[PDB]
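Visitor: Here you go, one structure.
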Amino acid sequence: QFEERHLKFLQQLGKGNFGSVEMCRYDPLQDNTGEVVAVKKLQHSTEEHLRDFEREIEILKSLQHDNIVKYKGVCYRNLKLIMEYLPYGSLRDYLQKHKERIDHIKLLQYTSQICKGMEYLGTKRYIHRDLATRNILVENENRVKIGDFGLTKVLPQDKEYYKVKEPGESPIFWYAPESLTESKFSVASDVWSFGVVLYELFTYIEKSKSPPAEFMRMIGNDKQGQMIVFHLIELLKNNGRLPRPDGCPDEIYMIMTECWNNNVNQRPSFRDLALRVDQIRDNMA
Ligand SMILES: CCn1c(C(=O)N(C2CC2)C2CC2)cc2c3c(ncn3C)c(NCCCOC)nc21
């Protein structure tokens, strides 16, 4: 286990949903030979937030994959989740900084790792519900990991979807249509979001090219409030989609458009997505 007294604060790493992550050095010998770790806590402690957080901890403790951030432990009320520290941070920030150094085949290596981590979630009947480059972390220049499970839900034993409407700002521009209309989350809604992740990669996180910017442009910037959701629902229903990013090959854009099927059942599987990505990577090599 981990004691509060030996968790030395280094810096704030970020905030997301109702959580906050910080860089600490776990130094029990107080001789500065201790490991640097990532510490997640609730920005505002509440019992509803607490029970969610305890389920989140149980979800991460149960996952062991090369492309999933490692669970290290817990530190006690004022519950904290201890994870490994991934030195290159979010893929979102990393891609922007190394734009000119990261090519298409490297983007596809990352894509492949995201698919393998996501298929592993599916095998446990876990629904991520928040796939985005800001939630993917970089271990090194050749390895990425799904780095947060704040919205992750376990499917009911008898159902392939899970219904949930949480108070607060939902990442609607990554949501499948049935998530916007019916609050239905499944492996297939994660596949939809995965296409948005693949889109994000090929845009190299250019600000004007982000999914909110592109959708708001298509919807109209005059749209405000709960009306934005309505107009987005209508846009997707009429097969309005994110454009092919600049320089993206037609075959990579084809993967994105296939993930963005209004028909939940026609969306590819994470196993098929991995085969397709690996095949394209092999051809490029
Ligand atoms: C990008 C920042 N961020 C967040 C983070 O705020 N998230 C928000 C929900 C709260 C989720 C995980 C994405 C979590 C981590 C993290 C890191 N290493 C291991 N973990 C779990 C790390 N390393 C950053 C290297 C540079 O350090 C100076 N940056 C992180």
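Numbering starts fresh at 1 for the residues of each chain in the structure tokens, the chains themselves are lettered A, B, ... in the order given, and ligands are numbered from 1 as they appear.
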Please identify every polymer residue within 6 Å of ligand 1, using only C-alpha atoms and all ligand atoms, and present the set as a ChimeraX atom specification.

Guide: /A:13-16,19-21,38,83-90,134-135,147-148

Visitor: Would you list the contacts of residue 30 (chain A) as a PyMOL selection string, taking every protein, DNA or RNA residue within 12 Å and counting only C-alpha atoms, but skipping same-chain residues closer than 2 positions in sequence?

Guide: chain A and resi 5-8+25-28+32-35

Visitor: Based on the selection just made, write N, CA and C atoms of those residues as a PDB file, in the first residue's frame.

Guide:
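Written out: again_35.pdb:
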```pdb
ATOM      1  N   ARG A   5       1.676  10.517   3.798  1.00  0.00           N
ATOM      2  CA  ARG A   5       2.858  11.231   4.281  1.00  0.00           C
ATOM      3  C   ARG A   5       4.082  11.130   3.368  1.00  0.00           C
ATOM      4  N   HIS A   6       4.206  10.043   2.549  1.00  0.00           N
ATOM      5  CA  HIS A   6       5.352   9.823   1.647  1.00  0.00           C
ATOM      6  C   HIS A   6       5.094  10.189   0.191  1.00  0.00           C
ATOM      7  N   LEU A   7       3.895  10.698  -0.099  1.00  0.00           N
ATOM      8  CA  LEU A   7       3.465  11.146  -1.420  1.00  0.00           C
ATOM      9  C   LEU A   7       3.773  12.627  -1.488  1.00  0.00           C
ATOM     10  N   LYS A   8       4.918  12.938  -2.111  1.00  0.00           N
ATOM     11  CA  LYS A   8       5.421  14.294  -2.289  1.00  0.00           C
ATOM     12  C   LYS A   8       4.907  14.873  -3.617  1.00  0.00           C
ATOM     13  N   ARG A  25       6.098  12.037  -6.152  1.00  0.00           N
ATOM     14  CA  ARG A  25       7.207  11.103  -5.966  1.00  0.00           C
ATOM     15  C   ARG A  25       6.862  10.313  -4.708  1.00  0.00           C
ATOM     16  N   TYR A  26       6.692   8.992  -4.825  1.00  0.00           N
ATOM     17  CA  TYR A  26       6.398   8.205  -3.643  1.00  0.00           C
ATOM     18  C   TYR A  26       7.738   7.903  -3.032  1.00  0.00           C
ATOM     19  N   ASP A  27       8.075   8.651  -1.960  1.00  0.00           N
ATOM     20  CA  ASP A  27       9.367   8.600  -1.282  1.00  0.00           C
ATOM     21  C   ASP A  27       9.270   8.145   0.188  1.00  0.00           C
ATOM     22  N   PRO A  28       9.058   6.826   0.450  1.00  0.00           N
ATOM     23  CA  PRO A  28       8.947   6.363   1.851  1.00  0.00           C
ATOM     24  C   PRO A  28      10.242   6.356   2.660  1.00  0.00           C
ATOM     25  N   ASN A  32      15.013  10.404  -1.429  1.00  0.00           N
ATOM     26  CA  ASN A  32      14.790  10.761  -2.828  1.00  0.00           C
ATOM     27  C   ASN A  32      15.288   9.665  -3.809  1.00  0.00           C
ATOM     28  N   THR A  33      14.901   8.416  -3.499  1.00  0.00           N
ATOM     29  CA  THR A  33      15.168   7.220  -4.313  1.00  0.00           C
ATOM     30  C   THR A  33      13.801   6.645  -4.732  1.00  0.00           C
ATOM     31  N   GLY A  34      12.752   7.358  -4.326  1.00  0.00           N
ATOM     32  CA  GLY A  34      11.383   6.977  -4.604  1.00  0.00           C
ATOM     33  C   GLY A  34      10.967   7.223  -6.033  1.00  0.00           C
ATOM     34  N   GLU A  35      10.038   6.401  -6.492  1.00  0.00           N
ATOM     35  CA  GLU A  35       9.429   6.388  -7.822  1.00  0.00           C
ATOM     36  C   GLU A  35       8.467   7.547  -8.016  1.00  0.00           C
TER      37      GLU A  35
END
```

Visitor: Find the residues near region 265-278 of chain A: any atom within 10 Å, counting only C-alpha atoms, skip ones fewer than 5 places away on the same chain, and give them as a PyMOL selection string.

Guide: chain A and resi 105+108-120+122+187-192+194-195+251-252+255+257-260+283-284

Visitor: Convert the current residue selection to file output with N, CA, C and O atoms, as a short mmCIF file (atom, residue, chain, number, x, y, z; two decimals), in the first residue's frame.

Guide:
```
data_model
loop_
_atom_site.label_atom_id
_atom_site.label_comp_id
_atom_site.auth_asym_id
_atom_site.auth_seq_id
_atom_site.Cartn_x
_atom_site.Cartn_y
_atom_site.Cartn_z
N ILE A 105 2.72 6.17 -40.79
CA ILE A 105 2.96 4.81 -40.30
C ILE A 105 3.09 4.79 -38.76
O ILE A 105 2.67 3.81 -38.15
N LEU A 108 -0.37 5.06 -37.31
CA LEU A 108 -1.01 3.76 -37.46
C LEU A 108 -0.50 2.74 -36.46
O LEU A 108 -1.23 1.84 -36.07
N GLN A 109 0.72 2.90 -36.01
CA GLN A 109 1.27 2.09 -34.92
C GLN A 109 0.46 2.42 -33.64
O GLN A 109 -0.04 1.52 -33.00
N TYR A 110 0.25 3.71 -33.34
CA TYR A 110 -0.55 4.20 -32.20
C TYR A 110 -1.99 3.73 -32.30
O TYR A 110 -2.54 3.26 -31.30
N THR A 111 -2.59 3.85 -33.51
CA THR A 111 -3.96 3.41 -33.83
C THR A 111 -4.12 1.93 -33.48
O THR A 111 -5.08 1.55 -32.80
N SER A 112 -3.14 1.11 -33.89
CA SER A 112 -3.12 -0.34 -33.67
C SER A 112 -3.16 -0.70 -32.17
O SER A 112 -3.95 -1.56 -31.75
N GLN A 113 -2.34 -0.02 -31.36
CA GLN A 113 -2.25 -0.15 -29.92
C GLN A 113 -3.56 0.23 -29.22
O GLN A 113 -3.96 -0.42 -28.26
N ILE A 114 -4.24 1.28 -29.72
CA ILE A 114 -5.54 1.75 -29.20
C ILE A 114 -6.59 0.66 -29.43
O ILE A 114 -7.33 0.35 -28.51
N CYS A 115 -6.60 0.03 -30.65
CA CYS A 115 -7.49 -1.07 -31.02
C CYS A 115 -7.29 -2.29 -30.14
O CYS A 115 -8.28 -2.93 -29.76
N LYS A 116 -6.03 -2.63 -29.84
CA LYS A 116 -5.71 -3.80 -29.01
C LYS A 116 -6.11 -3.60 -27.56
O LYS A 116 -6.62 -4.54 -26.93
N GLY A 117 -5.93 -2.38 -27.05
CA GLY A 117 -6.34 -2.02 -25.71
C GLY A 117 -7.85 -2.01 -25.60
O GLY A 117 -8.40 -2.50 -24.61
N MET A 118 -8.54 -1.48 -26.63
CA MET A 118 -10.00 -1.42 -26.71
C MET A 118 -10.66 -2.79 -26.84
O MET A 118 -11.72 -2.99 -26.25
N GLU A 119 -10.05 -3.74 -27.58
CA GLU A 119 -10.56 -5.09 -27.74
C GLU A 119 -10.46 -5.81 -26.39
O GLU A 119 -11.39 -6.53 -26.00
N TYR A 120 -9.36 -5.56 -25.67
CA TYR A 120 -9.17 -6.10 -24.33
C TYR A 120 -10.30 -5.61 -23.39
O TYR A 120 -10.83 -6.43 -22.66
N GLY A 122 -13.38 -4.79 -24.31
CA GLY A 122 -14.54 -5.51 -24.83
C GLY A 122 -14.65 -6.92 -24.32
O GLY A 122 -15.76 -7.38 -24.05
N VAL A 187 -20.01 -1.30 -27.22
CA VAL A 187 -18.73 -1.51 -27.89
C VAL A 187 -18.76 -0.70 -29.21
O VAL A 187 -17.77 -0.06 -29.56
N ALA A 188 -19.92 -0.72 -29.90
CA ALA A 188 -20.19 -0.01 -31.16
C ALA A 188 -20.17 1.53 -31.02
O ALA A 188 -19.78 2.21 -31.98
N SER A 189 -20.55 2.09 -29.84
CA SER A 189 -20.45 3.54 -29.64
C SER A 189 -18.97 3.91 -29.40
O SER A 189 -18.54 4.96 -29.84
N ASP A 190 -18.18 3.00 -28.77
CA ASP A 190 -16.73 3.14 -28.57
C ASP A 190 -16.02 3.08 -29.92
O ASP A 190 -15.08 3.82 -30.13
N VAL A 191 -16.50 2.21 -30.84
CA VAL A 191 -15.99 2.09 -32.22
C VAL A 191 -16.23 3.42 -32.94
O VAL A 191 -15.31 3.90 -33.60
N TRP A 192 -17.43 4.02 -32.79
CA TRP A 192 -17.74 5.33 -33.38
C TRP A 192 -16.70 6.38 -32.91
O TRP A 192 -16.09 7.06 -33.74
N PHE A 194 -13.79 5.79 -31.57
CA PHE A 194 -12.50 5.39 -32.10
C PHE A 194 -12.22 6.03 -33.51
O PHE A 194 -11.08 6.44 -33.78
N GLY A 195 -13.24 6.13 -34.35
CA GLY A 195 -13.11 6.78 -35.65
C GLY A 195 -12.78 8.26 -35.49
O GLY A 195 -12.03 8.82 -36.29
N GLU A 251 -8.02 5.24 -47.90
CA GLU A 251 -8.17 3.98 -47.16
C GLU A 251 -8.25 4.17 -45.63
O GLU A 251 -8.91 3.38 -44.98
N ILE A 252 -7.55 5.18 -45.07
CA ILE A 252 -7.56 5.51 -43.63
C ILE A 252 -8.87 6.26 -43.36
O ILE A 252 -9.52 5.96 -42.36
N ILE A 255 -11.81 3.86 -43.06
CA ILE A 255 -11.90 3.23 -41.75
C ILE A 255 -12.74 4.12 -40.84
O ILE A 255 -13.64 3.62 -40.17
N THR A 257 -15.01 6.54 -41.74
CA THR A 257 -16.40 6.59 -42.21
C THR A 257 -17.18 5.32 -41.89
O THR A 257 -18.37 5.40 -41.62
N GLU A 258 -16.51 4.16 -41.89
CA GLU A 258 -17.10 2.87 -41.53
C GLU A 258 -17.42 2.80 -40.05
O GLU A 258 -18.42 2.19 -39.67
N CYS A 259 -16.59 3.44 -39.21
CA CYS A 259 -16.81 3.54 -37.76
C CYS A 259 -18.01 4.43 -37.52
O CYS A 259 -18.77 4.18 -36.60
N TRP A 260 -18.18 5.46 -38.36
CA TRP A 260 -19.29 6.41 -38.29
C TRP A 260 -20.55 5.97 -39.06
O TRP A 260 -21.15 6.73 -39.80
N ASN A 283 1.66 -2.72 -45.73
CA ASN A 283 1.74 -2.28 -47.12
C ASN A 283 2.65 -1.05 -47.23
O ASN A 283 3.49 -0.98 -48.13
N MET A 284 2.49 -0.08 -46.30
CA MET A 284 3.29 1.15 -46.24
C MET A 284 4.78 0.84 -45.99
O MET A 284 5.64 1.54 -46.51
#
```

Visitor: Could you tell me which of A:53, A:202, A:76, A:9 comes closest to residue 256 (chain A) if we count only C-alpha atoms?

Guide: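 Using only C-alpha atoms, residue 256 (chain A) sits closest to A:202.
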
Visitor: To one decimal place in Å, what is the distance between CA of residue 207 (chain A) and CA of residue 254 (chain A)?

Guide: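 That distance, rounded to one decimal, is 22.8 Å.
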
Visitor: What parts of region 19-181 of chain A does DSSP call helix (DSSP H, G or I)? I'd like the answer as number ranges by chain.

Guide: A: 47-61, 91-97, 104-122, 133-135, 172-174, 177-181

Visitor: Which of these residues is nearest to residue 94 (chain A), using only C-alpha atoms: A:149, A:253, A:204, A:162?

Guide: A:204

Visitor: Using only C-alpha atoms, which protein or nucleic acid residues come within 10 Å of residue 214 (chain A)? Drop anything in the same chain fewer than 6 positions from it, and give the result as number ranges by chain.

Guide: A: 173, 207-208, 220, 241-243

Visitor: Put those residues in a file: N, CA and C atoms, as a PDB file, in the first residue's frame.

Guide:
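Listing of again27.pdb after writing:
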```pdb
ATOM      1  N   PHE A 173     -19.215  15.728 -29.371  1.00  0.00           N
ATOM      2  CA  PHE A 173     -18.637  15.662 -30.721  1.00  0.00           C
ATOM      3  C   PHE A 173     -17.841  14.375 -30.983  1.00  0.00           C
ATOM      4  N   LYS A 207      -5.962  23.096 -34.349  1.00  0.00           N
ATOM      5  CA  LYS A 207      -7.092  23.719 -33.635  1.00  0.00           C
ATOM      6  C   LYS A 207      -8.320  23.909 -34.508  1.00  0.00           C
ATOM      7  N   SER A 208      -8.162  24.527 -35.695  1.00  0.00           N
ATOM      8  CA  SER A 208      -9.286  24.764 -36.601  1.00  0.00           C
ATOM      9  C   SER A 208      -9.942  23.469 -37.122  1.00  0.00           C
ATOM     10  N   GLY A 220     -23.525  25.538 -37.535  1.00  0.00           N
ATOM     11  CA  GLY A 220     -23.691  26.979 -37.508  1.00  0.00           C
ATOM     12  C   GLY A 220     -23.304  27.480 -36.136  1.00  0.00           C
ATOM     13  N   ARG A 241     -20.759  14.297 -41.947  1.00  0.00           N
ATOM     14  CA  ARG A 241     -19.594  13.712 -41.272  1.00  0.00           C
ATOM     15  C   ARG A 241     -18.401  14.638 -41.283  1.00  0.00           C
ATOM     16  N   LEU A 242     -17.445  14.384 -40.368  1.00  0.00           N
ATOM     17  CA  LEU A 242     -16.181  15.102 -40.273  1.00  0.00           C
ATOM     18  C   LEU A 242     -15.440  14.907 -41.599  1.00  0.00           C
ATOM     19  N   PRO A 243     -14.809  15.954 -42.178  1.00  0.00           N
ATOM     20  CA  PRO A 243     -14.155  15.766 -43.492  1.00  0.00           C
ATOM     21  C   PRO A 243     -12.887  14.917 -43.406  1.00  0.00           C
TER      22      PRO A 243
END
```
